[PDB]
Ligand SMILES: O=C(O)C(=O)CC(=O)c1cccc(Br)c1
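Below, in structure tokens: the form solved without the ligand, a single chain.
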């Protein structure tokens, strides 16, 4: 074959070559020492990795049985089987060497598929974004009569955008008197910002909110402000299209938006072989070396301090990289017998190696010397400790200081939720955040209690007792662990990519809940969500929550079982079509085109961002309804065949209809539902990877 032998490993040549020719040069790490290290790490930790997976199956088998055969009894049971462990002693995390974007700044956290270079670059550059563009291009500014979007600039709509932003400025950086709506000009005098009004001139209520400016102080090209640690930059140009119409010549209002971004190797991308992993690793490498070009990465921004000195602000989002979890293997590397090597282990080694470049001036990501890795789908403290040991072994192989590789803990599996304190403690010196990945968490909620009975509709999950308890519990544990000022307390994604007016009105609940960050689907969403952090003083919210215990173990364990006679025929029908539509729209692009993240309109025609987690939920819900007689196999088939044609319509695309059984993608969709109950913890990768590889094979012959 086309593999390279290194000890007990046989590395796909493309991966081998990529590492030696692109990743290693510049790290001082000799190839022979690196590969020997890979071999050693895989050999040493694989047994423990498998053991952990066996533990998951064992626990789930006991739970399935318990249901097939009272909160006090259930809780007692979970304790006996080691599912629910004792609460560890109180403690404070000790993670050091973390950048300000994580320890101090509260703001949006963007996620992007790392296999898409364009997206990745746009996301990295999302650190700064036009509020005008975000307001004008979305429904935040309703397209009422006269204010709708046309092929050319609508002056009326533009005026609404201007007023919207002027109000934002008034609410964020208050003037001593008057409002920005009446400003006529901006000047810097005695290191002070002076806003000219018609009747008089005024300074800032809090002069300290003035952070800088560009151009001559006597007539700045831009004025930099700061609120709750986030920058706001007013651009000034009386000659610009918008400026010519503004009272103070204001051209735009730029907001520091995506403070941090997660370059994702997991749920938003489809990488089933060495070739796919390499495309991802190379983009990750380009990001860290700063030379990725599809467009390029922006340079840092230069300003003059109010006092006179020159300073620079990062023009890029501080990058995290989300490795895959402990489950999957990938043939990018196989042993002598041909057994695939655990993908998570490889990601730690490769993304870690690559991350070293982001620790040096491009020919910088982290100035404090840390590598930020999000580790998803972990189940319990032992799996967290396993990840920490993996990182410890990789640092050794890479010759990096111990604890360089920090971990962003996803709280997205039930066994981690109910043992969250312990999970944090296991990574007390490496954790940089905990985040409530509500989608995966909901998927795990359904699978864990699969045998308990029919679950409530998917949409109903967002407001169930278990998830609300889960959200507050995550915050409580993080704050109790001393996260405020040391690590991020984050919350989930807003998947309705086009409903920005709704996101702006409701996503404010997250920072209000003490979350120093939350996930956004795009640069536009990051800029709009940034608004929330200007309205909410997260640092103050967290201080006020410190010490509070708002969720009981009972609330966390409250299974989302549906009540008797809960739905009507039309309601069950809608739920099935909606879930099938979501599954088919996502899967067809996954299997046929290798796209792990797509915008798929639901039964209500609302554009929803689909990823493996949204898929895990839809497939698990239907698997659960089919499992308990709520719907028949005919209902599932009919929905799939009814929605399939619509998906073909919405879309190098290969139609699934009319001959659905000839479509590998259609078959995958059907398999995910019908075999959903048998998938490990309801994970979609096993099926998705197999079907995607099958497609590639067929396409090759």
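Residue numbers count along the first chain shown, from 1.
Keep in mind the form solved in complex with the ligand is missing from the figure; the text below concerns it.
*Asks:* I need the one stretch from 489-497, 349-357, 332-340, 561-569 whose residues put non-hydrogen atoms within 4.5 angstroms of the ligand in the bound PDB entry.
*Replies:* Stretch 489-497 is the one.
*Asks:* Every residue in 405, 427 and 431 with a non-hydrogen atom within 4.5 Å of the ligand in the bound PDB entry?
*Replies:* No.
*Asks:* Applying a 4.5 Å heavy atom distance criterion, does residue 414 contact the ligand in the bound PDB entry?
*Replies:* No.
*Asks:* Can residue 322 be called a contact residue for the ligand in the bound PDB entry at 4.5 Å between heavy atoms?
*Replies:* Contact with the ligand, yes.
*Asks:* Test of understanding: in the bound PDB entry, would residue 111 fall inside 4.5 Å of the ligand by heavy atoms?
*Replies:* Residue 111: contacts the ligand in the bound PDB entry.
*Asks:* Look up in the bound PDB entry whether residue 517 has a non-hydrogen atom within 4.5 angstroms of the ligand, and give yes or no.
*Replies:* Although the ligand is absent here, residue 517 would stay clear of it in the bound PDB entry, with no heavy atoms inside 4.5 Å.
*Asks:* Which of these residues, 474, 268, 618, 581, gets a heavy atom within 4.5 Å of the ligand in the bound PDB entry?
*Replies:* The option sitting close enough to the partner is 268.
*Asks:* Identify, from the list 613, 384, 102, 531, the residue with a heavy atom within 4.5 Å of the ligand in the bound PDB entry.
*Replies:* So the residue touching the ligand in the bound PDB entry, by this definition, is 613.
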